[PDB]
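Following: one structure in structure tokens, then a few remarks.
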Amino acid sequence: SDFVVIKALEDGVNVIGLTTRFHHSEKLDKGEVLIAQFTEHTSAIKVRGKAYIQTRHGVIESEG
Amino acid sequence: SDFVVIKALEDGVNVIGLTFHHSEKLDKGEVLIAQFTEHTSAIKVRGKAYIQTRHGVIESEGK
Amino acid sequence: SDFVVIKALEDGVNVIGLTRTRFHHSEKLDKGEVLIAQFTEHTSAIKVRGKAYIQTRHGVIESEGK
Amino acid sequence: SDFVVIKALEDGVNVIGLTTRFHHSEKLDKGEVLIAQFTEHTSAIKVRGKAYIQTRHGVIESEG
Amino acid sequence: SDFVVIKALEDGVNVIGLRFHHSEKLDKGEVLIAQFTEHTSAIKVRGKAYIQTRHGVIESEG
Amino acid sequence: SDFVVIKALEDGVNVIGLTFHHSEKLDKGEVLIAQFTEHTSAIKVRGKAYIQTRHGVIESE
Amino acid sequence: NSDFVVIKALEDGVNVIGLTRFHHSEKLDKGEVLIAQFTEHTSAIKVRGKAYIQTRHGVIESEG
Amino acid sequence: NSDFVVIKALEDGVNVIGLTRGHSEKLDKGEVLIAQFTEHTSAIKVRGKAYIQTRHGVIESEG
Amino acid sequence: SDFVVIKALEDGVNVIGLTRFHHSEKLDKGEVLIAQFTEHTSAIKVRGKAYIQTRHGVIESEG
Amino acid sequence: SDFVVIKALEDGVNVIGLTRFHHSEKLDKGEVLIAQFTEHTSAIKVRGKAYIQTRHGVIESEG
Amino acid sequence: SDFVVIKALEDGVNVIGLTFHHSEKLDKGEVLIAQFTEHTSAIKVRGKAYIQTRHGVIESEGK
């Protein structure tokens, strides 16, 4: 039941949900925030683009 | 069973629930306490807002 | 099983419960009244319109709404 | 399984349980203490009157 | 599965289980450790008592 | 699944399990570790005793 | 749903009594250590004798 | 369901006894036993000179 | 229900999910993967230069 | 679901799993075993010179 | 549902899953995040590696 907070630091950030071809994409624009939870459908989440990301394990910056 | 607190810092903030499911408009100063359902995998916030989660605070910045 | 504490700072604060789907169970609160609202299955989101002090597991926050 | 502690600071404090009409009211007199637990029947609890309230989220005072 | 500790500071303190009704008299210095059942949604304390809960201590006055 | 520790400070301390459904006498210096069952909603302590719970210590007089 | 007590006997003939009738007695000699867990069978545990007792709630000494 | 004790034998012939509802195991000086509580096993008695760690801190058994 | 955060410090970092070796996933410099353990996936191997966060602290994989 | 970390400080350290029954497992100097408790396995005995980490802190088994 | 983080400090580190069954080779600098399955009671690490567990860090000094 865990989640990640992703804040987009540029336009056209891509938050990709995975299972095994990559199955749910979600575009985010500069300053928008996504709170993404892990479903059963969704094993992994990839972030392409400049974003600030918070997880139970601390913060991290994607420099895609 | 976790939730997010969202306080709108301008009018017309948009709190979008993702499965193309559920939009919810918020006006400046209004507070939404949104919980994750089974229906709702992700929540997107478009607009200037202050957000609290289990993982600390964060600010969404509307263009 | 989590809850929010809402104290109304003016009369006519509105604590709106939202369904699993739009604006549903409304509940008016008057200046100084305190509501302890728990999330049900029926209730996915809670909106607060009006001047209120709110406590959640995630700390305090103040609603400055209409 | 969580609960609230309510101490009445005046007579005729009203502790109202909500399902959604005014299902269960409970009067409290100055100095009396109620330890109220959330049931399935009970989604929300309203406190009308001057009272000192303790929850998992800290203390708060209701002002009648 | 949570409980409250109640110590009576005078005689004839009343610990009421919750319209629903199990009453329990306590005398000065007696201690009750009351747990919440399914039967019991709320507990009222009438009388002067010292009360400990998960949420800290509190004193009932009369 | 929670429990209380009770140490008797005098003879003839009475540890009563409720819904007087089970009484249990304790003598000066004896220690009882009482757990809550489904059978047992409340526990009353009559007598001089030192009591430890999850919520800290307390003395019955 | 699964807690235990540590009991160290400070004299010979310490008695660790399991309750429900007075179900199960267990003698302890000076310096022996018993780690007793609560079963469904066992609601309460009585210690008679001089012993050092550790519980989740801290230490306590039984006196004779 | 699932807690354990660490027992280090400080002499030879330490006895770690498992007790049933209402199993002996010998330990020689310097051997370590990590014993978990089963359903079969309500209580554990230690006879002999040993160093014992539990969730509740350390304790020494004095044969 | 636990997860690892992997940030790629060079191009062509390989995040391999293990059953054999069943699921590979390439990551390019600066991309972030939040990988959760499934039932299908017992182990995860990281090949390449990466910064990794787990419940157990941080660690760097050295390509 | 708990586990012990055992690092062997000499050759031929013996990590014995108990229920009755005994799965033995030899460890050579500097090898590390992360042993989890199964239902099959009530107790674990360590014979030999080893460094042991458990939820309850560290402890050294003395050969 | 617990896991271990293993970083290989030399080539040819061996991460062995037990019930000598599932072996998994690791090369210098590669990282494995291994979870305990039902199939897998114990994990042995042979070779020079840095290991993180819920119980802190430890270094294997191996084959």
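For chain E, a/c is not less than 1.5, where a ≥ b ≥ c are the root eigenvalues of the C-alpha gyration tensor, and a/b does not top b/c. That puts it in the oblate class. Which pairs break 24 Å Cα to Cα here: I:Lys7/K:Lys44; D:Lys50/E:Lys28; D:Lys30/E:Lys28; F:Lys28/H:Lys45; I:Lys45/K:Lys28? Among I:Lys7/K:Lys44; D:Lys50/E:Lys28; D:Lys30/E:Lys28; F:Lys28/H:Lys45; I:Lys45/K:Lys28, the Cα-Cα distance tops 24 Å for I:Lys7/K:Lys44; D:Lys50/E:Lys28; F:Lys28/H:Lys45.
Exposure proxy check: D:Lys30, C:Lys7 ranked by fewest other beta carbons within 10 Å?
Working: D:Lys30 16, C:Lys7 21.
Going from least to most buried by this count: D:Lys30, C:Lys7.
Put the Cα centre of chain B next to the Cα centre of chain J and the gap is 49 Å. Note that the range B:39-47 has calculated 3J(HN,Hα) couplings of 3, 10, 7, 10, 10, 10, 10, 10, x Hz, one per residue in order, obtained from phi through the Karplus relation 6.51 cos²θ - 1.76 cosθ + 1.60 (θ = phi - 60°); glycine and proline are x.
Rounded to the nearest 20 debye, the dipole size of the protein assembly as shown about its Cα centre is 580 debye, using +1 on the Cβ of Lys and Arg and -1 on the Cβ of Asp and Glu. Extension gain for K:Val57-K:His39 works out to 4.0 nm (0.36 nm per residue, less the C-alpha to C-alpha distance). Phi-derived couplings, Karplus 6.51 cos²θ - 1.76 cosθ + 1.60 at θ = phi - 60°, listed residue by residue for the range D:42-51: 10, 7, 10, 10, 9, 10, 10, x, 7, 9 Hz, with x used for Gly and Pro. Remark: B:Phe20, G:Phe22 ranked as B:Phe20, G:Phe22, counting other beta-carbon atoms within 10 Å and listing the fewest first. Summary of the geometry: chain E and the range C:1-38, compared by the centres of their Cα atoms, lie 29 Å apart.
Over the whole of I:6-16, what's the average partner chain Cβ count within 10 Å per residue? Rounded to a whole number, please. Mind showing how you got there, number by number?
Numbers: counts 5, 6, 3, 1, 0, 0, 0, 0, 1, 4, 2.
Counting other chains' Cβ atoms within 10 Å and averaging over I:6-16 gives 2.
Cβ sites come from the backbone with ideal geometry, for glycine too, and all protein chains shown count toward neighbours. Any read-out appearing in this document is the output of simple, stated calculations on the displayed coordinates, not a laboratory observation.
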